[PDB]
Amino acid sequence: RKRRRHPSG
Amino acid sequence: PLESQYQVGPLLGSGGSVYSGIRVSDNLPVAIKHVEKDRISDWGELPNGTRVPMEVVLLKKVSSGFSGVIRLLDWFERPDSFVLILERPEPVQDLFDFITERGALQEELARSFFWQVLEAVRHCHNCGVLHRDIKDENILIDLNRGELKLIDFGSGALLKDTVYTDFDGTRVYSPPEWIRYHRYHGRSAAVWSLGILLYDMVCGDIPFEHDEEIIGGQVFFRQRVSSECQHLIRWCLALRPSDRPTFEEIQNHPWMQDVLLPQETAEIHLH
Ligand SMILES: Cc1ccc(/C=C/C(=O)O)cc1
């Protein structure tokens, strides 16, 4: 399954 | 002159903008971070009384000495931006990429990393600084030394004991009291994000993706995780903030005993 980064804000 | 003290090189990343560089004075590897004044939300003042971005204020408060925190080595003001000169370990990989490439970490390695993150956050709090964006993306691994370094204080704040009503960190690491009420206290919110981080290390990805999962209070383990480690994770992710462990209780937890030293960690797991 998709592991992704997450932006801050 | 900033442009005469440092040889500027390749863009390391952005999302301000961070360039690899070398201090001309002694060939020291540095990272050079540019932040546009127009895009700065929180401002502070230093001892000089100069108005600087809060990120600069927080970096100076934690950069005294050696730590698992990135050291601010210098800064410059420009017409429309500030420029920060930071330490650059080499060779380095950030913890997000490391977990992507390796998958779920062995508990022995996650113990060593988590412990080092706890010591770095304790250092921040001792210096009066709340990071507010603890996550694997904001953690560098010095692959030769086995040492972790906390980076990116651009969403942090001075540590206080009263309620916070603003937040600009990463929502999937933010606690349920923020999701539901737009309020949180500093240390217990930090502990929540550390539970998310620990799960991320031993399972290979963060547990929650949507608001309803964050407030839902159910932690499903998708990998084999020891009962002691599951207990610590579930304790850090207690829905009520006052039910979460303190940093002392985390570090006294039975899953945390007999940590590897950084050098042992590099030799067994990183070399
Ligand atoms: C490789 C590297 C990447 C990033 C930093 C610092 C960034 C920050 O404090 O936001 C330092 C080194």
# chains A, B, ... in the order shown; residues from 1 in each chain; ligands from 1
call {"tool": "residues_near_ligand", "arguments": {"ligand": "ligand 1", "cutoff": "9 Å", "atoms": "only C-alpha atoms and all ligand atoms", "output": "PyMOL selection string"}}
result
chain B and resi 12-13+16-20+30-33+55+59+70-72+84-94+138+140+149-154
call {"tool": "write_last_selection", "arguments": {"atoms": "N, CA, C and O atoms", "output": "compact mmCIF listing (two decimals), in the first residue's frame"}}
result
# COMPACT_ATOMS: atom_id res chain seq x y z
N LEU B 12 19.46 20.28 -2.08
CA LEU B 12 19.16 19.04 -1.37
C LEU B 12 17.67 18.75 -1.34
O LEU B 12 17.26 17.58 -1.37
N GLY B 13 16.85 19.79 -1.28
CA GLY B 13 15.41 19.63 -1.25
C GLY B 13 14.74 20.96 -0.97
O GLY B 13 15.40 21.95 -0.64
N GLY B 16 11.78 26.09 3.44
CA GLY B 16 12.07 26.69 2.15
C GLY B 16 12.86 25.80 1.19
O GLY B 16 12.41 24.71 0.81
N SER B 17 14.04 26.28 0.81
CA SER B 17 14.90 25.63 -0.17
C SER B 17 16.27 25.43 0.45
O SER B 17 16.84 26.38 1.00
N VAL B 18 16.81 24.22 0.35
CA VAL B 18 18.00 23.82 1.09
C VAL B 18 19.05 23.31 0.13
O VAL B 18 18.80 22.36 -0.63
N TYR B 19 20.24 23.91 0.17
CA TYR B 19 21.34 23.60 -0.72
C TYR B 19 22.49 22.98 0.07
O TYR B 19 22.79 23.40 1.19
N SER B 20 23.13 21.99 -0.54
CA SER B 20 24.40 21.50 -0.01
C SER B 20 25.49 22.54 -0.26
O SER B 20 25.46 23.27 -1.25
N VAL B 30 28.16 21.85 4.95
CA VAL B 30 27.05 22.58 5.55
C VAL B 30 25.81 22.40 4.70
O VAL B 30 25.87 21.95 3.55
N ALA B 31 24.67 22.74 5.28
CA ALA B 31 23.44 22.88 4.53
C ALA B 31 23.01 24.33 4.60
O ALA B 31 23.07 24.95 5.67
N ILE B 32 22.59 24.88 3.47
CA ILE B 32 22.28 26.30 3.35
C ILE B 32 20.79 26.42 3.04
O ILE B 32 20.34 26.04 1.95
N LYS B 33 20.03 26.96 4.00
CA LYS B 33 18.58 27.01 3.95
C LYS B 33 18.11 28.44 3.75
O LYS B 33 18.48 29.34 4.51
N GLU B 55 12.13 30.35 13.84
CA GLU B 55 13.03 29.24 13.57
C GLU B 55 14.46 29.58 13.96
O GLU B 55 15.17 28.75 14.55
N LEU B 59 16.49 27.66 16.96
CA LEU B 59 17.75 26.98 16.64
C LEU B 59 18.88 27.45 17.54
O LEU B 59 19.68 26.63 18.01
N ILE B 70 20.17 19.28 15.00
CA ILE B 70 20.94 20.01 13.99
C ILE B 70 21.41 21.33 14.57
O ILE B 70 20.68 22.02 15.30
N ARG B 71 22.65 21.69 14.29
CA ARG B 71 23.23 22.90 14.85
C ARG B 71 23.18 24.02 13.82
O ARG B 71 23.63 23.85 12.68
N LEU B 72 22.60 25.15 14.21
CA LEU B 72 22.71 26.38 13.44
C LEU B 72 24.10 26.97 13.61
O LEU B 72 24.50 27.29 14.72
N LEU B 84 20.06 30.41 6.45
CA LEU B 84 20.56 29.69 7.61
C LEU B 84 21.65 28.73 7.18
O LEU B 84 21.47 27.97 6.23
N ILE B 85 22.77 28.75 7.90
CA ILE B 85 23.86 27.81 7.69
C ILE B 85 23.76 26.73 8.76
O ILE B 85 23.88 27.02 9.95
N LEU B 86 23.52 25.50 8.34
CA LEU B 86 23.30 24.40 9.26
C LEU B 86 24.38 23.35 9.08
O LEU B 86 25.03 23.27 8.04
N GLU B 87 24.59 22.56 10.14
CA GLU B 87 25.38 21.34 10.03
C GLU B 87 24.87 20.48 8.88
O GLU B 87 23.67 20.44 8.59
N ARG B 88 25.79 19.77 8.25
CA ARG B 88 25.41 18.71 7.31
C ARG B 88 26.25 17.48 7.59
O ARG B 88 27.44 17.43 7.23
N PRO B 89 25.68 16.47 8.22
CA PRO B 89 26.36 15.17 8.29
C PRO B 89 26.43 14.53 6.91
O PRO B 89 25.57 14.72 6.05
N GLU B 90 27.49 13.76 6.72
CA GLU B 90 27.70 13.03 5.48
C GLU B 90 28.54 11.80 5.82
O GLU B 90 29.57 11.91 6.48
N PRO B 91 28.09 10.61 5.38
CA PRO B 91 26.88 10.35 4.60
C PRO B 91 25.61 10.36 5.45
O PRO B 91 25.67 9.97 6.62
N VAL B 92 24.49 10.78 4.89
CA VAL B 92 23.25 10.94 5.64
C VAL B 92 22.09 10.35 4.84
O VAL B 92 22.13 10.30 3.61
N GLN B 93 21.07 9.89 5.55
CA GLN B 93 19.78 9.56 4.96
C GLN B 93 18.70 9.96 5.95
O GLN B 93 18.88 9.80 7.16
N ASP B 94 17.59 10.50 5.45
CA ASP B 94 16.57 10.82 6.44
C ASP B 94 15.78 9.56 6.78
O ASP B 94 15.77 8.58 6.01
N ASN B 138 11.68 14.48 9.50
CA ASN B 138 12.49 15.50 10.17
C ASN B 138 13.57 14.90 11.04
O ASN B 138 13.98 15.52 12.03
N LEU B 140 17.41 13.00 10.61
CA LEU B 140 18.52 12.54 9.78
C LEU B 140 19.28 11.45 10.51
O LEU B 140 19.43 11.49 11.74
N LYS B 149 19.72 12.94 14.10
CA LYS B 149 19.68 14.39 14.26
C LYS B 149 18.30 14.92 13.88
O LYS B 149 17.81 14.65 12.78
N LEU B 150 17.70 15.67 14.81
CA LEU B 150 16.41 16.31 14.61
C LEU B 150 16.57 17.59 13.79
O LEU B 150 17.43 18.41 14.10
N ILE B 151 15.75 17.77 12.75
CA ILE B 151 15.87 18.93 11.87
C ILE B 151 14.53 19.64 11.74
O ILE B 151 13.48 19.14 12.15
N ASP B 152 14.59 20.83 11.12
CA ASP B 152 13.44 21.63 10.72
C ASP B 152 12.59 22.12 11.89
O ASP B 152 11.52 21.56 12.18
N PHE B 153 13.03 23.20 12.53
CA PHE B 153 12.29 23.84 13.60
C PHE B 153 11.34 24.93 13.09
O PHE B 153 10.91 25.78 13.87
N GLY B 154 10.98 24.90 11.81
CA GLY B 154 10.16 25.95 11.22
C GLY B 154 8.72 25.98 11.68
O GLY B 154 8.01 26.94 11.36
call {"tool": "interface_residues", "arguments": {"of": "chain B", "to": "chain A", "cutoff": "9 Å", "atoms": "only C-alpha atoms", "output": "mmCIF file with N, CA and C atoms, in the first residue's frame"}}
result
data_model
loop_
_atom_site.group_PDB
_atom_site.id
_atom_site.type_symbol
_atom_site.label_atom_id
_atom_site.label_comp_id
_atom_site.auth_asym_id
_atom_site.auth_seq_id
_atom_site.Cartn_x
_atom_site.Cartn_y
_atom_site.Cartn_z
ATOM 1 N N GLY B 15 10.461 22.704 0.091
ATOM 2 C CA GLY B 15 9.065 22.486 0.426
ATOM 3 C C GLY B 15 8.596 23.199 1.681
ATOM 4 N N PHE B 96 12.631 8.879 6.991
ATOM 5 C CA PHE B 96 11.544 8.482 6.098
ATOM 6 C C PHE B 96 12.055 7.587 4.965
ATOM 7 N N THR B 100 11.395 3.548 4.191
ATOM 8 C CA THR B 100 10.899 3.151 2.878
ATOM 9 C C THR B 100 11.765 2.060 2.266
ATOM 10 N N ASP B 133 6.975 19.293 15.226
ATOM 11 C CA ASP B 133 6.852 18.557 13.963
ATOM 12 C C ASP B 133 7.743 17.320 13.971
ATOM 13 N N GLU B 137 10.431 12.180 8.585
ATOM 14 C CA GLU B 137 10.972 13.109 7.596
ATOM 15 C C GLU B 137 11.898 14.139 8.230
ATOM 16 N N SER B 155 8.246 24.951 12.383
ATOM 17 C CA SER B 155 6.903 24.958 12.950
ATOM 18 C C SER B 155 6.920 24.974 14.470
ATOM 19 N N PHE B 167 -1.288 25.619 15.375
ATOM 20 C CA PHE B 167 -0.486 24.458 15.006
ATOM 21 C C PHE B 167 -0.239 24.471 13.506
ATOM 22 N N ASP B 168 1.023 24.275 13.109
ATOM 23 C CA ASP B 168 1.372 24.246 11.695
ATOM 24 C C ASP B 168 2.289 23.070 11.348
ATOM 25 N N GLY B 169 2.301 22.013 12.154
ATOM 26 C CA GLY B 169 3.077 20.815 11.869
ATOM 27 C C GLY B 169 2.351 19.853 10.944
ATOM 28 N N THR B 170 2.609 18.554 11.131
ATOM 29 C CA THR B 170 2.074 17.518 10.252
ATOM 30 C C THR B 170 0.826 16.897 10.871
ATOM 31 N N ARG B 171 -0.298 17.024 10.168
ATOM 32 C CA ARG B 171 -1.596 16.646 10.730
ATOM 33 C C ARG B 171 -1.649 15.170 11.126
ATOM 34 N N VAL B 172 -1.044 14.281 10.332
ATOM 35 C CA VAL B 172 -1.108 12.855 10.655
ATOM 36 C C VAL B 172 -0.242 12.473 11.848
ATOM 37 N N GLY B 204 6.633 0.030 9.664
ATOM 38 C CA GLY B 204 6.975 0.418 8.315
ATOM 39 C C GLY B 204 6.138 1.531 7.739
ATOM 40 N N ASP B 205 5.133 2.009 8.466
ATOM 41 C CA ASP B 205 4.389 3.197 8.062
ATOM 42 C C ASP B 205 3.559 3.656 9.252
ATOM 43 N N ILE B 206 3.105 4.908 9.200
ATOM 44 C CA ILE B 206 2.364 5.517 10.307
ATOM 45 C C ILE B 206 1.001 4.838 10.414
#
call {"tool": "atom_distance", "arguments": {"atom1": "atom CA of residue B:185", "atom2": "atom CA of residue B:164"}}
result
5.9 Å
call {"tool": "atom_distance", "arguments": {"atom1": "atom CA of residue B:105", "atom2": "atom CA of residue B:203"}}
result
7.4 Å
call {"tool": "closest_residue", "arguments": {"among": "B:24, B:130, B:270, B:124", "to": "residue B:8", "atoms": "only C-alpha atoms"}}
result
B:24
call {"tool": "decode", "arguments": {"residues": "stretch 2-41 of chain B", "atoms": "N, CA and C atoms", "output": "PDB file, in the first residue's frame"}}
result
ATOM      1  N   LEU B   2      27.849  36.446   2.900  1.00  0.00           N
ATOM      2  CA  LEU B   2      27.487  35.031   2.856  1.00  0.00           C
ATOM      3  C   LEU B   2      27.991  34.365   1.582  1.00  0.00           C
ATOM      4  N   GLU B   3      28.007  35.100   0.480  1.00  0.00           N
ATOM      5  CA  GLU B   3      28.400  34.541  -0.801  1.00  0.00           C
ATOM      6  C   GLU B   3      29.909  34.368  -0.935  1.00  0.00           C
ATOM      7  N   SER B   4      30.695  34.913  -0.002  1.00  0.00           N
ATOM      8  CA  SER B   4      32.145  34.767  -0.004  1.00  0.00           C
ATOM      9  C   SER B   4      32.664  33.809   1.062  1.00  0.00           C
ATOM     10  N   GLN B   5      31.823  33.388   2.010  1.00  0.00           N
ATOM     11  CA  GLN B   5      32.217  32.433   3.039  1.00  0.00           C
ATOM     12  C   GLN B   5      31.890  30.988   2.692  1.00  0.00           C
ATOM     13  N   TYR B   6      30.987  30.752   1.745  1.00  0.00           N
ATOM     14  CA  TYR B   6      30.474  29.415   1.492  1.00  0.00           C
ATOM     15  C   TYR B   6      30.426  29.145  -0.001  1.00  0.00           C
ATOM     16  N   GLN B   7      30.883  27.960  -0.397  1.00  0.00           N
ATOM     17  CA  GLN B   7      30.720  27.488  -1.763  1.00  0.00           C
ATOM     18  C   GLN B   7      29.371  26.783  -1.861  1.00  0.00           C
ATOM     19  N   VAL B   8      28.474  27.328  -2.688  1.00  0.00           N
ATOM     20  CA  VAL B   8      27.111  26.822  -2.815  1.00  0.00           C
ATOM     21  C   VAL B   8      27.085  25.715  -3.858  1.00  0.00           C
ATOM     22  N   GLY B   9      26.350  24.648  -3.561  1.00  0.00           N
ATOM     23  CA  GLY B   9      26.255  23.519  -4.452  1.00  0.00           C
ATOM     24  C   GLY B   9      24.827  23.116  -4.761  1.00  0.00           C
ATOM     25  N   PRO B  10      24.567  21.812  -4.752  1.00  0.00           N
ATOM     26  CA  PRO B  10      23.296  21.306  -5.279  1.00  0.00           C
ATOM     27  C   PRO B  10      22.146  21.426  -4.292  1.00  0.00           C
ATOM     28  N   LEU B  11      20.967  21.637  -4.853  1.00  0.00           N
ATOM     29  CA  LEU B  11      19.737  21.646  -4.083  1.00  0.00           C
ATOM     30  C   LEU B  11      19.524  20.290  -3.412  1.00  0.00           C
ATOM     31  N   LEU B  12      19.456  20.279  -2.081  1.00  0.00           N
ATOM     32  CA  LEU B  12      19.162  19.038  -1.371  1.00  0.00           C
ATOM     33  C   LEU B  12      17.666  18.752  -1.338  1.00  0.00           C
ATOM     34  N   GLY B  13      16.846  19.793  -1.279  1.00  0.00           N
ATOM     35  CA  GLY B  13      15.406  19.629  -1.254  1.00  0.00           C
ATOM     36  C   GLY B  13      14.744  20.956  -0.972  1.00  0.00           C
ATOM     37  N   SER B  14      13.419  20.964  -1.121  1.00  0.00           N
ATOM     38  CA  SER B  14      12.639  22.152  -0.794  1.00  0.00           C
ATOM     39  C   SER B  14      11.215  21.745  -0.441  1.00  0.00           C
ATOM     40  N   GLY B  15      10.461  22.704   0.091  1.00  0.00           N
ATOM     41  CA  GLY B  15       9.065  22.486   0.426  1.00  0.00           C
ATOM     42  C   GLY B  15       8.596  23.199   1.681  1.00  0.00           C
ATOM     43  N   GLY B  16      11.775  26.095   3.445  1.00  0.00           N
ATOM     44  CA  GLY B  16      12.075  26.689   2.152  1.00  0.00           C
ATOM     45  C   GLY B  16      12.859  25.802   1.192  1.00  0.00           C
ATOM     46  N   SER B  17      14.043  26.281   0.809  1.00  0.00           N
ATOM     47  CA  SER B  17      14.901  25.633  -0.173  1.00  0.00           C
ATOM     48  C   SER B  17      16.273  25.433   0.447  1.00  0.00           C
ATOM     49  N   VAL B  18      16.808  24.218   0.348  1.00  0.00           N
ATOM     50  CA  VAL B  18      17.998  23.816   1.094  1.00  0.00           C
ATOM     51  C   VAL B  18      19.049  23.307   0.125  1.00  0.00           C
ATOM     52  N   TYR B  19      20.236  23.911   0.173  1.00  0.00           N
ATOM     53  CA  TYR B  19      21.341  23.596  -0.718  1.00  0.00           C
ATOM     54  C   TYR B  19      22.487  22.976   0.065  1.00  0.00           C
ATOM     55  N   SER B  20      23.134  21.989  -0.539  1.00  0.00           N
ATOM     56  CA  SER B  20      24.397  21.504  -0.013  1.00  0.00           C
ATOM     57  C   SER B  20      25.488  22.540  -0.261  1.00  0.00           C
ATOM     58  N   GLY B  21      26.444  22.603   0.658  1.00  0.00           N
ATOM     59  CA  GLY B  21      27.464  23.631   0.606  1.00  0.00           C
ATOM     60  C   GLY B  21      28.659  23.219   1.433  1.00  0.00           C
ATOM     61  N   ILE B  22      29.704  24.037   1.342  1.00  0.00           N
ATOM     62  CA  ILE B  22      30.959  23.806   2.041  1.00  0.00           C
ATOM     63  C   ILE B  22      31.466  25.150   2.526  1.00  0.00           C
ATOM     64  N   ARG B  23      31.852  25.212   3.797  1.00  0.00           N
ATOM     65  CA  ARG B  23      32.432  26.428   4.344  1.00  0.00           C
ATOM     66  C   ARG B  23      33.838  26.583   3.796  1.00  0.00           C
ATOM     67  N   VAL B  24      34.093  27.707   3.119  1.00  0.00           N
ATOM     68  CA  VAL B  24      35.397  27.913   2.499  1.00  0.00           C
ATOM     69  C   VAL B  24      36.494  27.926   3.553  1.00  0.00           C
ATOM     70  N   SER B  25      36.171  28.373   4.772  1.00  0.00           N
ATOM     71  CA  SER B  25      37.187  28.541   5.809  1.00  0.00           C
ATOM     72  C   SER B  25      37.859  27.224   6.184  1.00  0.00           C
ATOM     73  N   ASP B  26      37.140  26.096   6.100  1.00  0.00           N
ATOM     74  CA  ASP B  26      37.737  24.838   6.546  1.00  0.00           C
ATOM     75  C   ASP B  26      37.139  23.599   5.882  1.00  0.00           C
ATOM     76  N   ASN B  27      36.532  23.734   4.702  1.00  0.00           N
ATOM     77  CA  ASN B  27      35.955  22.623   3.946  1.00  0.00           C
ATOM     78  C   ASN B  27      34.879  21.864   4.730  1.00  0.00           C
ATOM     79  N   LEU B  28      34.253  22.496   5.716  1.00  0.00           N
ATOM     80  CA  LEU B  28      33.223  21.819   6.499  1.00  0.00           C
ATOM     81  C   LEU B  28      31.946  21.679   5.676  1.00  0.00           C
ATOM     82  N   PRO B  29      31.355  20.487   5.590  1.00  0.00           N
ATOM     83  CA  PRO B  29      30.071  20.364   4.882  1.00  0.00           C
ATOM     84  C   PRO B  29      28.968  21.074   5.658  1.00  0.00           C
ATOM     85  N   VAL B  30      28.157  21.853   4.946  1.00  0.00           N
ATOM     86  CA  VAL B  30      27.054  22.582   5.554  1.00  0.00           C
ATOM     87  C   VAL B  30      25.808  22.398   4.701  1.00  0.00           C
ATOM     88  N   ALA B  31      24.668  22.735   5.282  1.00  0.00           N
ATOM     89  CA  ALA B  31      23.437  22.875   4.526  1.00  0.00           C
ATOM     90  C   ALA B  31      23.008  24.332   4.603  1.00  0.00           C
ATOM     91  N   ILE B  32      22.587  24.880   3.471  1.00  0.00           N
ATOM     92  CA  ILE B  32      22.276  26.298   3.352  1.00  0.00           C
ATOM     93  C   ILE B  32      20.789  26.419   3.043  1.00  0.00           C
ATOM     94  N   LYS B  33      20.033  26.958   3.998  1.00  0.00           N
ATOM     95  CA  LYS B  33      18.579  27.012   3.950  1.00  0.00           C
ATOM     96  C   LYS B  33      18.112  28.445   3.745  1.00  0.00           C
ATOM     97  N   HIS B  34      17.281  28.655   2.728  1.00  0.00           N
ATOM     98  CA  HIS B  34      16.753  29.970   2.396  1.00  0.00           C
ATOM     99  C   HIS B  34      15.276  29.997   2.730  1.00  0.00           C
ATOM    100  N   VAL B  35      14.841  31.059   3.402  1.00  0.00           N
ATOM    101  CA  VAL B  35      13.446  31.236   3.777  1.00  0.00           C
ATOM    102  C   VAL B  35      13.024  32.643   3.386  1.00  0.00           C
ATOM    103  N   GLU B  36      11.939  32.748   2.617  1.00  0.00           N
ATOM    104  CA  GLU B  36      11.442  34.043   2.173  1.00  0.00           C
ATOM    105  C   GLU B  36      10.750  34.751   3.326  1.00  0.00           C
ATOM    106  N   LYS B  37      11.107  36.023   3.543  1.00  0.00           N
ATOM    107  CA  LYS B  37      10.460  36.790   4.603  1.00  0.00           C
ATOM    108  C   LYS B  37       8.950  36.803   4.428  1.00  0.00           C
ATOM    109  N   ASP B  38       8.475  36.965   3.192  1.00  0.00           N
ATOM    110  CA  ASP B  38       7.041  37.109   2.971  1.00  0.00           C
ATOM    111  C   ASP B  38       6.264  35.868   3.385  1.00  0.00           C
ATOM    112  N   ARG B  39       6.931  34.722   3.519  1.00  0.00           N
ATOM    113  CA  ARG B  39       6.274  33.465   3.847  1.00  0.00           C
ATOM    114  C   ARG B  39       6.523  33.029   5.286  1.00  0.00           C
ATOM    115  N   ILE B  40       6.822  33.958   6.188  1.00  0.00           N
ATOM    116  CA  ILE B  40       7.142  33.616   7.571  1.00  0.00           C
ATOM    117  C   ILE B  40       5.974  34.028   8.453  1.00  0.00           C
ATOM    118  N   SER B  41       5.436  33.062   9.202  1.00  0.00           N
ATOM    119  CA  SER B  41       4.256  33.262  10.033  1.00  0.00           C
ATOM    120  C   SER B  41       4.610  33.787  11.422  1.00  0.00           C
TER     121      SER B  41
END
